[PDB]
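So the structure is just underneath, and the comments pick up after that.
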Amino acid sequence: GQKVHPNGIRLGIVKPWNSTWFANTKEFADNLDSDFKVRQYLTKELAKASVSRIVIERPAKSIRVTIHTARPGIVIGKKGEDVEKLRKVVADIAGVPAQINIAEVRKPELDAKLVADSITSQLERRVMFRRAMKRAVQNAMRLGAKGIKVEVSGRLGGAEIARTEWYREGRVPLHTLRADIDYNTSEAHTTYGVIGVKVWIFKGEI
Amino acid sequence: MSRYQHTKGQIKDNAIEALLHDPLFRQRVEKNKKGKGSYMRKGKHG
Amino acid sequence: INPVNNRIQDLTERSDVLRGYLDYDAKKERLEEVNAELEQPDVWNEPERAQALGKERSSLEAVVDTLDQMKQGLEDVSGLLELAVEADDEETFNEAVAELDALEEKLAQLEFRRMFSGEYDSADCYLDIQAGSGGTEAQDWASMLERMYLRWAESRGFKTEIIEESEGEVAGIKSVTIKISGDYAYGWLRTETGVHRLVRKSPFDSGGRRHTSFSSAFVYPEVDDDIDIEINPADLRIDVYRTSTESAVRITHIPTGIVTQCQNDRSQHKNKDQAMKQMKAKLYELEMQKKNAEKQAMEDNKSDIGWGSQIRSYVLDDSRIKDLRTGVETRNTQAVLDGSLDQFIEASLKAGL
RNA sequence: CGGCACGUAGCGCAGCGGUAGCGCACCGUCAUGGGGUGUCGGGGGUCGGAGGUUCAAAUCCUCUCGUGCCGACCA
RNA sequence: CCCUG
RNA sequence: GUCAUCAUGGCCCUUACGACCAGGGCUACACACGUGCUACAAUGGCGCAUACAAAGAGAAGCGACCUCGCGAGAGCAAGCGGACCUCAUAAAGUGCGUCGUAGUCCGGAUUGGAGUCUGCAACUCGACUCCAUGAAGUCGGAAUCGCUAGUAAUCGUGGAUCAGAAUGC
RNA sequence: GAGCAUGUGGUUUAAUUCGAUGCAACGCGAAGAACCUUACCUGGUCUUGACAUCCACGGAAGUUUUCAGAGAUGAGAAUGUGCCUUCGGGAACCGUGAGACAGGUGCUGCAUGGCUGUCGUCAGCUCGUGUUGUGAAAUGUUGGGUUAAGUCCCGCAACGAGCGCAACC
Ligand SMILES: [Mg+2]
Ligand SMILES: [Mg+2]
Ligand SMILES: [Mg+2]
Ligand SMILES: [Mg+2]
Ligand SMILES: [Mg+2]
Ligand SMILES: [Mg+2]
Ligand SMILES: [Mg+2]
Ligand SMILES: [Mg+2]
Ligand SMILES: [Mg+2]
Ligand SMILES: [Mg+2]
Ligand SMILES: [Mg+2]
Ligand SMILES: [Mg+2]
Ligand SMILES: [Mg+2]
Ligand SMILES: [Mg+2]
Ligand SMILES: [Mg+2]
Ligand SMILES: [Mg+2]
Ligand SMILES: [Mg+2]
Ligand SMILES: [Mg+2]
Ligand SMILES: [Mg+2]
Ligand SMILES: [Mg+2]
Ligand SMILES: [Mg+2]
Ligand SMILES: [Mg+2]
Ligand SMILES: [Mg+2]
Ligand SMILES: [Mg+2]
Ligand SMILES: [Mg+2]
Ligand SMILES: [Mg+2]
Ligand SMILES: [Mg+2]
């Protein structure tokens, strides 16, 4: 069977929206076009700077962009010229005045996005996928996640036949709605094809 | 270039259909990598 | 004038293809040689080798001057077309159209004489599809091959009718004999004698394992069933002898050497009439045995060539069509199985296979 | 050679002054994963050829060319 | 009743 | 199942399998199948009068009122980015009259003429209105499907797509 | 069974684009094909290019036009010639010149990711440690009752745990 998205079923319960503006029908379509543009551009030039979440909001004819990342020092650079130029370019992109807050994220391997980025990095650099999966597993258990399940899919190890390998421990209660299941995916464009990774992290009952 | 030995012997009506009903033009079985004829006892390199 | 440009380009391309298939320089070499030993006069001191030299000389020189005058026609029609585009001389452009049509028709006559060189090529044909030893997959492949050949026959304009069609119980047809009528049908379809190699993901198999089935297309012209001529009184030897009146009749055909006796009836005329019917029956039997022996000899030769019967290969898994004899390839499997084999049959017919 | 028996749909067979019939088979739909069997519903025949009578000819007659049978015996 | 190698 | 949402290993093409425009096609037709709508009628048809909803949409939009037109619609022109205005008068029902079992005052296919609207443009190939015509169909073989309660069955209404264009969702 | 709508197969044509084609394809992708739509055909055109970047050169960008052509397009005529600026400048944007490349709804779902159908919202699927068997393995999960449920009680060489069930929505 196919699974429902943990975030996608838990927006109304425990997971905050990653876009919390309001719009009428007139500005909605090009509004989401603007959100897609800003998100692809900031992930393009924040790909090497350990980005986790991008939460953007339009108060009134302006854009607040909060970047949840794990390396705010390399985000801001040498007294903030990096975030300043990102602010001016995103103001150019959205057509409105812009301001950006950087949120430092404790426990980056307790974050789900960075685990996906790490695992896709070793699958690019040809580190053995099973070892890297275990390495993420003791990362989660050592920093005290209540549960984690990692899944990798595709032509693992250059095999001719694709397959799926998933590791699990602790509790991963997908059917319990109030659970904090932080879930995220990523892809690897390996020389032998596309390798998909999914991460489920259970971080508590409520 | 060597002659083929057809198993129909002396063909007196039609040799093209004779070579069809010879084992040369037989229908051939493919070993599936996965599916029905899927199981391999030993690998190619193991 | 854009169809004129495309048409001159098409004539140039098909002329180059014709030169490549005909090997023009080699035939020109034998033409020059045959001209040389014609120039030495001993060749007319021997009669029959001069007969052969005249035959080969005429053929080689005709092909050579044909290809030469098509080269000259291509270049001067191109130059005068370049004149007619800018100067806009309408009568001279019409002259270009007329001479271009004449050159095209005359090269068409040349390639015509090459491709329909068979003595039975003009007649209608019996074309047969038979599936291999595979099973229902080969049955389906034979049936849809029959569909494709019907589509080709209707596209060409040949009149088709299904003489017999033995079907399979599950799907497809096991064998089918088709009368393809129309002018030059056997000549058009004579390159199809042989084996087709289907490779496709079989639907009849439960696991979706791909299957490699085979089918044969066998075409033969509608030969005239000639009347069996009666035997001659000099060719017969008639004897009468006493039955075991000398009413017993022994008729002997002398040039072949076969006798029939008849002694059961008191009437010598009745004995002779039964002996004459025996003569006619044995002559018909011997003619059938001679025809079957010649057919068996031809089958010995074509069983000797054997593996060469595998003429066509359709890889529907990788979606490629291959004629192994001419070696040609294409990717449009749906067009090929729709019946667009014109390029393949023209390649085979210019090859002469 | 003389009789006498039959030429009916693709096949096997009935009908022998006004009507063309049965079975197998072919087609279409159901039933089955699919094939067979099964169920439903259809169609198909210059009545061997020719010409004579009769209002009308498969049926009556003549000839015809096929296949079968019985006799072609005393010397 | 059967299930192309 | 999807390389035709997208992404992507390999392979193929690069004055062409790439790119532009116009016209045609995707709507054809001896036939077979699937899923639907409307019927074969009186528990109904037709005519007249009069009750009772819920949900949703609307700015290159919904478009009231008034006038013209039998009508589809047209002209002028309020309100509404909306519990306010419009779509929008719900129908089946109820009351009365007629029809009186007939291929019928059932059916509404097909076809002819005359129009309205959108859109550059309605012929291939739109929807709707009027007038005219009135086909098969009298409940359907083997077989087969849905449904345990506000369900089946029936009667209407709205929305997405959308310039226009539902018996579909 | 009938008429019609719609999809499919087959047929035919230039094309009737392609994909789905047991249940789990067949009012399906398509929540809507008159042109574009659309990948199909015919005809007419182009090739660093309809869609990006790089280098060099000439320039504003833009705004009205005329002719021919079905149009793409080709040629011609008027108006603007800025924007910020070390009168060094320089780029929004128009053409040209090449090549590095762009491009494909071209092939492979039997190389894949992602996403979905299906058995089936069926109640199962396992693991840790322990024990038994040489071993594949077994126990746990079986037994007696109970429930929509491997839900629960007790017994039990099993003791615990997880995805499932349930609840939280
Ligand atoms: Mg779901
Ligand atoms: Mg005697
Ligand atoms: Mg058998
Ligand atoms: Mg499916
Ligand atoms: Mg497929
Ligand atoms: Mg067009
Ligand atoms: Mg269609
Ligand atoms: Mg009525
Ligand atoms: Mg609406
Ligand atoms: Mg009737
Ligand atoms: Mg009635
Ligand atoms: Mg309704
Ligand atoms: Mg609409
Ligand atoms: Mg495809
Ligand atoms: Mg189709
Ligand atoms: Mg297919
Ligand atoms: Mg449906
Ligand atoms: Mg069109
Ligand atoms: Mg073209
Ligand atoms: Mg698959
Ligand atoms: Mg032990
Ligand atoms: Mg169990
Ligand atoms: Mg067990
Ligand atoms: Mg129990
Ligand atoms: Mg449990
Ligand atoms: Mg127990
Ligand atoms: Mg539940």
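In order, the protein sequence lines correspond to chains C, 6 and 8. So in the authors' numbering, the last spot in the first sequence is 207, and the numbers never skip. So in the authors' numbering, the last spot in the second sequence is 46, and the numbers never skip. When you line the third sequence up against the authors' numbering, it's residues 4 to 247, 257 to 365, in that order. The C-beta atom is built at its ideal place from N, Cα and C for all residues, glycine as well.
Using DSSP bridges, identify the partner residues of residue i.
i	result
residue 183 (chain C)	202 (chain C)
residue 242 (chain 8)	262 (chain 8)
residue 131 (chain 8)	180 (chain 8), 221 (chain 8)
residue 254 (chain 8)	For residue 254 (chain 8), no position is available: the coordinates of chain 8 end at 247 and pick up again at 257.
residue 165 (chain 8)	181 (chain 8)
residue 52 (chain C)	70 (chain C)
residue 273 (chain 8)	262 (chain 8)
residue 191 (chain C)	194 (chain C)
Leaving out five residues before and five after residue i in sequence, what residues of the same chain have Cβ atoms less than 6 Å from its Cβ?
i	result
residue 141 (chain C)	149
residue 131 (chain 8)	180, 221
residue 21 (chain C)	58
Where residue i and residue j are concerned, what is the direct C-alpha to C-alpha distance, given to the nearest angstrom?
i	j	result
residue 72 (chain 8)	residue 162 (chain 8)	37 Å
residue 76 (chain 8)	residue 152 (chain 8)	38 Å
residue 201 (chain 8)	residue 127 (chain 8)	28 Å
residue 11 (chain C)	residue 113 (chain C)	16 Å
residue 193 (chain 8)	residue 352 (chain 8)	17 Å
residue 25 (chain C)	residue 94 (chain C)	21 Å
residue 55 (chain C)	residue 68 (chain C)	5 Å
residue 244 (chain 8)	residue 55 (chain 8)	55 Å
residue 71 (chain C)	residue 159 (chain C)	32 Å
residue 45 (chain C)	residue 115 (chain C)	15 Å
residue 117 (chain C)	residue 184 (chain C)	10 Å
residue 40 (chain 8)	residue 57 (chain 8)	11 Å
residue 206 (chain 8)	residue 31 (chain 8)	55 Å
residue 325 (chain 8)	residue 338 (chain 8)	12 Å
residue 25 (chain 8)	residue 121 (chain 8)	17 Å
residue 65 (chain 8)	residue 10 (chain 8)	25 Å
residue 323 (chain 8)	residue 269 (chain 8)	45 Å
residue 100 (chain C)	residue 87 (chain C)	9 Å
residue 106 (chain 8)	residue 96 (chain 8)	15 Å
Can you list, in chain order, the residues of its chain with a C-beta nearer than 7 Å to that of residue i? Leave out the 5 residues immediately preceding and following it.
i	result
residue 145 (chain C)	none
residue 267 (chain 8)	238
residue 53 (chain 8)	46, 47
residue 33 (chain 8)	63
residue 99 (chain 8)	80, 83, 84, 87
residue 329 (chain 8)	202, 203, 204, 213
Residues in the same chain with beta-carbon distance under 8 Å from residue i, minus the five sequence neighbours each way, listed in chain order, please.
i	result
residue 39 (chain C)	55, 57, 64, 66, 91, 94, 95
residue 355 (chain 8)	340, 342
residue 203 (chain C)	146, 147, 148, 149, 171, 172, 173, 174, 180, 181, 182
residue 124 (chain C)	130, 133, 153, 189, 191, 196, 198
residue 252 (chain 8)	Any question about the placement of residue 252 (chain 8) has no answer from these coordinates, since chain 8 jumps from 247 to 257.
By the 9 Å beta-carbon criterion, what residues does the segment 136 to 155 of chain 8 contribute toward chain 6? Residues passing the 9 Å Cβ filter: 136, 137, 138, 140, 141.
Going along the chain, which unbroken runs of the alpha helix (DSSP H) with 4 or more residues stay wholly within the segment 169 to 194 of chain 8? 188 to 192
Jot down the residue ranges of each uninterrupted beta strand (DSSP E) in the segment 93 to 175 of chain C, minimum 3 residues, whole runs only, in chain order. 99 to 105, 148 to 155, 164 to 171
What are the uninterrupted segments assigned as beta strand (DSSP E) that are 3 or more residues long and contained completely in the segment 286 to 361 of chain 8, given in chain order? 322 to 327, 332 to 335
Determine which residues of the segment 300 to 323 of chain 8 have a Cβ less than 8 Å from any Cβ of chain 6, and write them out in chain order. 304, 307, 308, 311, 312, 314, 315, 316, 318, 319, 321, 322
Along the chain, which unbroken stretches of the alpha helix (DSSP H) at least 4 residues long are found entirely within the segment 3 to 40 of chain C? 7 to 10
Residues of the segment 188 to 202 of chain 8 whose Cβ lies closer than 8 Å to any Cβ of chain 6, in chain order: 196, 197, 198
Threshold first: 4 residues or longer. Then list the alpha helix (DSSP H) segments lying entirely within the segment 54 to 100 of chain C, N to C. Complete alpha helix (DSSP H) runs here, min 4: 73 to 77, 82 to 95.
Taking a cut of 9 Å between CB atoms, which residues from the segment 214 to 232 of chain 8 lie near chain 6? 214, 215, 216, 217, 218, 219, 220, 221
Chain 8 contacts made by the segment 10 to 24 of chain 6, where a contact means CB separation under 9 Å: 10, 11, 12, 13, 14, 15, 16, 17, 18, 19, 20, 21, 22, 23, 24
Uninterrupted beta strand (DSSP E) stretches inside the segment 19 to 95 of chain 8 (no shorter than 3 residues): none
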